[PDB]
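Topology and contacts: notes
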Amino acid sequence: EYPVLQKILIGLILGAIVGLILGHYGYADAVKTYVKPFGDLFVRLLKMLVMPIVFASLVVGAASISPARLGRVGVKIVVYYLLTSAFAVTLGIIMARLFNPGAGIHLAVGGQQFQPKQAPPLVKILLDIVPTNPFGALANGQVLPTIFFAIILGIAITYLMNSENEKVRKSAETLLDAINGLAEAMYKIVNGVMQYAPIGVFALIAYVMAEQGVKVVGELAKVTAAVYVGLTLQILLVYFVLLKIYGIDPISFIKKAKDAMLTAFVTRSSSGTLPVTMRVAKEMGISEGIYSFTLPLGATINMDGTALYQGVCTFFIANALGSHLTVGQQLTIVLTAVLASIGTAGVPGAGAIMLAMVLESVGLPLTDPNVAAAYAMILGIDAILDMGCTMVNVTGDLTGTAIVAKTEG
Amino acid sequence: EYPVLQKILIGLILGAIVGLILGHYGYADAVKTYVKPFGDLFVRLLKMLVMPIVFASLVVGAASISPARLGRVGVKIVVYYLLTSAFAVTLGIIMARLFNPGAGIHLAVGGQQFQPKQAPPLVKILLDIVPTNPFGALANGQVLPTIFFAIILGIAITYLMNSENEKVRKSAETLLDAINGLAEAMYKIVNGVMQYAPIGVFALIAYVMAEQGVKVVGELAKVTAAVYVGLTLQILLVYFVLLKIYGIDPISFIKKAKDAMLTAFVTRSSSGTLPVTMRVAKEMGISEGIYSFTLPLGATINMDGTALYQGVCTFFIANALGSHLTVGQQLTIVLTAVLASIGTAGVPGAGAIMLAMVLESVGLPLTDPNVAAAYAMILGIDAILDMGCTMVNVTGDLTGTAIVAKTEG
Amino acid sequence: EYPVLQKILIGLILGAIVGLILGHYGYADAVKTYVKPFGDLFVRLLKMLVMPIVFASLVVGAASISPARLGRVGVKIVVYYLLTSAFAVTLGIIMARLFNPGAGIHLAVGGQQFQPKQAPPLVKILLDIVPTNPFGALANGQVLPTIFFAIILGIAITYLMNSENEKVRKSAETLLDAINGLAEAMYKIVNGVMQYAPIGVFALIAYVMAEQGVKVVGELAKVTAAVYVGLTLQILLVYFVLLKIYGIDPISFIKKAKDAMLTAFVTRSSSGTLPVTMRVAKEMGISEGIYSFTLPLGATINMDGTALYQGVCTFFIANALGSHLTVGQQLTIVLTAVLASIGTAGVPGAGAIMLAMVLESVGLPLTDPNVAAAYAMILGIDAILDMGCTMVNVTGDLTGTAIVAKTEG
Ligand SMILES: N[C@@H](CSCc1ccccc1)C(=O)O
Ligand SMILES: N[C@@H](CSCc1ccccc1)C(=O)O
Ligand SMILES: N[C@@H](CSCc1ccccc1)C(=O)O
Ligand code: NA
Ligand code: NA
Ligand code: NA
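Under the PDB entry, the name given to chain A is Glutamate transporter homolog, and the source organism is Pyrococcus horikoshii. According to the UniProt record, the Subcellular location comment for chain A reads "Cell membrane". The UniProt entry for chain A carries the following comment under Sequence similarities: "Belongs to the dicarboxylate/amino acid:cation symporter (DAACS) (TC 2.A.23) family."

Written as structure tokens, this is what we have:
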């Protein structure tokens, strides 16, 4: 059987070459059916775990840690997430100034038309974290509402345990252990699903490179390069540096987190790969009281690779119109991109409405057929970028978790 | 830190004055945002508990009590609920004959138009208590279906325990304890949410008295007086008298239930305040077998304060047209106001579709522009009335719970 | 109190004669209200159990059995289900050639019109078995997705138990027992609901006989005869013969499965009676490892009696038009009848969309006003056919579950 680490990489390199070739020879649709369904199963199976593994592991990751200690972990990780997202958009702007994406290109106007979905009022996202029905939250996604109830129950159960009454102490344990039993069961399934990863990894990027890899060449190549080299440069300058400054090996970090990074790459789903993102943190050594809180929160808020795309997409649309953004305007993109990660938060369709308000704040509405036709070209290679963006998105989740685990013991 | 009981009453009085004054100066919209956001947080936090706390505490509240003893409690609490709801509408009419709401007022017709929602066939309400999917019921509200499944599981789990097999006895106990563990954990969160109450109590009635307290003067003053003095008169005549007649202290009842009475007043939700209503019952001394059944059922059926509003609203609309109701018609309001509590039961939009069939069964349809304009004015102070009605609504819920617990031991 | 087996049979016979007579004297509607509601309660009480009993007992059925053993069970019971479904459509045709349903009958055209609902692509049925949200699946029917997560959790919990750490071993046990606690409790409730069976059985076929029993005479009689004599001839030739050949007493098999046969008959719902169909398997001796997996799957795929209806329905329609089907065509009905069982699988409205695609494949589309007018007559006795078809539908579910358990220990 062997790997694990290597067998995944075989299907990733084999799938890309069998993707690019089979798709360039006309048969892109022959890859949509037949090939992709296998990759979907892998995505589904990993999603299958995302709800129980988050809920069960955080209820025990709150009995684990002191309530004041969990509040400190939260204050640090949120500060980490905001600054790392601010660096990605700053690096995205500066990468889109090294590479010119669509500098001498006048776009054909009148293609696909887009409508920007309304951003829900900031108050009603912050309030909607507190779930009216904890069962409800669980029953249908709702990652952030489930987080709130797991911690609240986890703090209550830790209180209920060390009560003087021992008839109530047995109730508090049996519940806690069973919930840990579910958690433990999920991590055990992760490994099982991970054995299927090579086939899914093969099929997923066999589809992406076939259906979208043919369109990579051209003026769209200068976009993909400015995104990828930007993603490459952020790992080596903002992660590898922050890991070193906090006394943890960068080389040993990528080795252990390679499972949670490749799945994130091929799946393009931050929460989708969250069981693997969590299992990698447990084998890293981090205590449940930290990673069962930080990683699911980071799956929603720490969109590092996305903000790096949102910098080089704002500049792509700008150059295609022939309007170059001034010194004071480049900082105003940085502001709203970070505030878009909170202005969306729990709300579904983030990566689309998040960019809608980013393009709007600098003065480039998505409703304008001039902008909409140019943004349509970006979408023609969106899954090529999404792979890289999602990989960097969860790298920062794990990098922050490890740094908060270091500022602990 | 102190109170609890006093600190909440600080936010209540200070919120009412800062509400009435800030709203009268035009800035009712400035209270709608900023201030109210902190009131909702409190409501959502309470409602967060309502589902697990109702399910978990009723499973162990059926493990507690004998299967014939629980059905006896049922037959007693139901006969209590119907007579107190019948006393509320009888008092609502008699207060609406002492006070005259809109006796010399001809209304401006053509304002807001209303359409009454259809009341589901009685058969398909009664049958709908037996839920088809217990996880379904839990997952989305459904207080009454959850009651049925909890008692059916609680009676089975109690049968399962004292079986001759000590492999199946351990199974029954682990489940019963873990469920109790959830229940005991929820009551523990109740106390924590209760610490935030003074900020919520403040913000909720600071909003209501700002946005709706300015319109309390006028002919609408005679309605609010006939509602409130009716509510005060029902507490002192129907609750206090029934508390005395069954041998339990009236004053000490108010002292221990004031927490579940103030939250009911500011939230204006019967189920919304059910975690506090239950916690006040356990601290009172009532067995889990009774209050885990009666209080959630009372949060649905026993709408005492509401039937008292439904009494003086039927009379407000009748006076605003000039049509005075007869000696044979006043009894027909009493009938359908009570049979409206069952004709809605589980169905959402109760307090509105209930009044719809009440007004219709005396000869005043809500479709008629003449009636519709007059009801529109009543809606102008609907929250002001909702505060008082909900308070009495949960009071009757507690009062019944105590009387049945006395006819026990 | 007595029966159980007899008191059901008292209501079944009594309900038939009181139905047929009460219906033939006009008052069919008077049976629809009044009488049916009681029979619906019975159906609802059973369906109440179907979700917990399926999940909870299957997790402790995957902990019961070896992971390879279960795969073998699956591979056998699936091959069983296919060969029995194929026999029923073969027997349907062979009974529909013995009886001539609608041979000399020309239909009046222009009546009810039918549109056939689309069959979901086979890929997105198979893939939709792996549930994205386990809580979701539970929360809203989803028998098959639940089956998959229940076996995956049961294999994970069994691995987790005999792990070399005794802090993780207690976690896996407490959960497994609590889940079993739930399973056990459900089986207990099944006994309680079964005490209400005579009232339900009586009311349910009191309705069906009154509102459809009168229309059984005429050319529609020859249809009901060819179906029922078909159903009888399939039990006495493919079950009794397939039981005998596997060393299991047929007469004693019917004795023990009678309670899960007479509920299936009056409910008309395969999943509806699954709590009884499971308890009857438990009392039969069969290991939870097998029946908690084979019976829920059988309630979905193994629709023997149905495919015996689809046999004599594809012939009633063909006879009413005058077009007679050739030797090779009769086989093409058989093929797509069996394939339709997987073509629908999880999807609701199966028994309809299944038939729709069965008719289309031989050359008689349901859209055709000729066909539609003839099929509108068959529907006139569709509950009278459904009763018998549902019986043979679960009889084949147990028969298979017995044969598989015989190929074991
Ligand atoms: N599914 C992504 C969300 S953001 C990725 C992205 C990149 C480029 C364009 C659009 C969206 C994730 O889970 O990270
Ligand atoms: N929220 C209320 C429902 S009934 C109160 C009421 C008062 C005035 C007008 C309409 C309705 C409760 O939970 O009691
Ligand atoms: N309720 C059935 C579905 S198939 C029975 C049937 C017979 C004749 C016509 C249509 C349908 C069951 O669950 O077995
Ligand atoms: Na992320
Ligand atoms: Na109430
Ligand atoms: Na079946």
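What follows continues from the structure just given.
1. Here we look at the coordination of the sodium ion (ligand 5)
All names here are of chain B. Taken together, the protein donors to the sodium ion (ligand 5) comprise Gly 298 (O) and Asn 302 (O), at separations of 2.8 to 2.9 Å. Residue classification places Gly 298 among the buried residues on the basis of a relative accessible area of 1%. By relative accessible area, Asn 302 is classed as buried at 1%.

2. Concerning the coordination of the sodium ion (ligand 6)
In this structure, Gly 298 of chain C (O) and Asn 302 of chain C (O) serve as the protein donors to the sodium ion (ligand 6), at separations of 2.6 to 2.9 Å. Of the two residues, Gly 298 of chain C and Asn 302 of chain C, neither departs from the other in class, the shared state being buried.

3. Observations regarding the UniProt feature "intramembrane region" in chain A
In this structure's numbering, the residues bearing the UniProt feature "intramembrane region" are residues 253–281 and 330–364 of chain A. The span residues 330–364 of chain A shows a helical share of 77% and a strand share of 0%, and its end C-alpha atoms are spaced 13 Å apart.

4. Quick word on the site of ligand 2
All names here are of chain B. Neighbouring residues of ligand 2: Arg 268, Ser 269, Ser 270, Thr 306, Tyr 309, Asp 382, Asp 386, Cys 389, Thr 390 and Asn 393. Protein contacts shield 84% of the accessible area of ligand 2, which totals 380 Å² for the unbound molecule. Put simply, the parts of the chain that give the shell around ligand 2 at least two residues each are α13 (304–319) and α18 (382–406). Among the elements that line the shell around ligand 2, the one with the most residues is α18, at five residues. Tallied by class, residues from the shell around ligand 2 come to two nonpolar, five polar and three charged.

5. Notes on the interface of chain A and chain C
Facing 24 residues of chain A, the contacting portion of chain C comprises 23 residues. For the side of chain A that touches chain C, the elements supplying multiple residues, two or more each, are α3 (36–63), α6 (134–139) and α8 (166–194) of chain A. Counting residues per element, the side of chain A that touches chain C draws most heavily on α8 of chain A, which supplies eleven residues. Across the side of chain A that touches chain C, the residue classes tally to 13 nonpolar, five polar and six charged.

6. Comments concerning the pattern of salt bridges
Taken as a whole, this structure holds 22 salt bridges over all chains when the rule is applied. With a shortest N-O distance of 3.9 Å, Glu 288 of chain B and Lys 282 of chain B are connected by a salt bridge. Given a relative accessible area of 13%, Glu 288 of chain B falls into the buried group. The partner of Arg 69 of chain C in a salt bridge is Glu 408 of chain C, with the nearest N and O atoms 3.8 Å apart. Linking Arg 69 of chain C in helix α4 (residues 67–98) with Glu 408 of chain C in the segment after α18 (382–406), this pair joins segments that are 339 residues apart in sequence. Classification of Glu 408 of chain C as partly exposed rests on a relative accessible area of 35%. Taken together, the salt bridges that share partners define one network made up of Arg 72, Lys 76 and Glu 408 of chain A.

Parameters and conventions
Residues numbered from 1 in each chain as written, not as in the entry; some residues may be left out. Chains lettered and ligands numbered in written order. Heavy atoms only, no water. Residues with missing side-chain atoms left out of burial classes, pairs and counts. UniProt positions renumbered as here; feature names shortened; annotations may be inferred. Donors = N, O, S within 2.8 Å, 3.2 Å for Na, K, Ca; no water. Buried < 20%, exposed > 50% of the residue type's maximum accessible area, 1.4 Å probe, protein only. Helix = DSSP H or I, 4+ residues; strand = E, 2+ residues; numbered from the N terminus. Near = heavy atom within 4 Å. Areas by Shrake-Rupley, 256 points an atom, 1.4 Å probe, with all protein chains shown as cover. Nonpolar A, V, L, I, M, F, W, Y, C, P; charged D, E, K, R; others polar. Contact = heavy atoms within 4.5 Å. Salt bridge = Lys/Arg side-chain N within 4 Å of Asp/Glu carboxyl O.

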